[PDB]
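Participant: Numbering (the numbering used here), first residue to last: 1347 to 1520. My structure is below; once you've seen it, I'll send some questions.
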């Protein structure tokens, strides 16, 4: 690794990770599952655009008519990351597994929750046991069986690789 390459891990964190997986959109769009989304992966609601816009105005605090700024995207993103972290730490099932993980895999954990929500993740009984037991190849094969990955592979693939390796390699060379 070059001097530069060794710096790359210090430039990666959960925010940068999710920013790559989710992208950044300033107008309402439908995600890969068809759900109204804005900003950096902010799911507004699970078909009526009108509902999605009302949730938007509620989330941002002004009349947005479907559009936000980059600064507003960031603030909402930071709130969503905080919610995912808090969701793990309060959960009797996820906290122990999360605690056992290294820093990089903890980012993958927070990412997984950000994308699927707490109960979805906490339902992956086998994967969670594999993670705690450091069976990284098995955890990754099992994650690759999930609907979460399979219905929308490009959003999940780097997270799965990150669970396998505990490195940031999947986020290099975009």
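Even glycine gets a Cβ: it sits at the ideal position worked out from N, Cα and C.
#1: At the 8 Å Cβ level, is residue 1351 part of the contact set with chain C, yes or no?
#2: With 16 other CB atoms within 10 Å as the buried threshold, where does residue 1362 fall?
#3: Where residue 1411 and residue 1402 are concerned, what is the direct C-alpha to C-alpha distance, given to the nearest angstrom?
#4: Under the rule that 16 or more other beta-carbon atoms within 10 Å means buried, what is residue 1379, buried or exposed?
#5: Spell out a yes or no on whether the region 1486–1495 and the region 1351–1371 are touching, meaning 3 or more CB-CB pairs, one atom from each, closer than 8 Å.
#6: If you drop the 5 nearest sequence neighbours on each side, which residues of the same chain put their C-beta closer than 7 Å to that of residue 1433?
#7: According to DSSP, what are the bridge partners of residue 1384?
#8: Which value, in whole angstroms, describes the spacing of the CA atoms of residue 1451 and residue 1370?
#9: Considering Cα atoms alone, identify which of 1466, 1395, 1386 and 1382 is closest to residue 1365.
#10: Counting only runs of 4+ residues fully inside the region 1419–1470, write out the alpha helix (DSSP H) ranges in chain order.
#11: What are the boundary residues of the beta strand (DSSP E) that residue 1518 is part of?
#12: Just verifying my parser: in three-state terms, what is the DSSP assignment at residue 1364?
#13: What does the Cβ neighbour count give for residue 1457, buried or exposed, with the cut at 16 atoms within 10 Å?
Facilitator: The answer reads as follows:
#1: The structure shown has no chain C; it contains just one protein chain.
#2: exposed
#3: 8 Å
#4: exposed
#5: no
#6: 1459 and 1464
#7: 1388
#8: 23 Å
#9: 1386
#10: 1440–1446, 1449–1462 and 1464–1468
#11: First-last for residue 1518: undefined, no H or E at that position.
#12: helix
#13: buried
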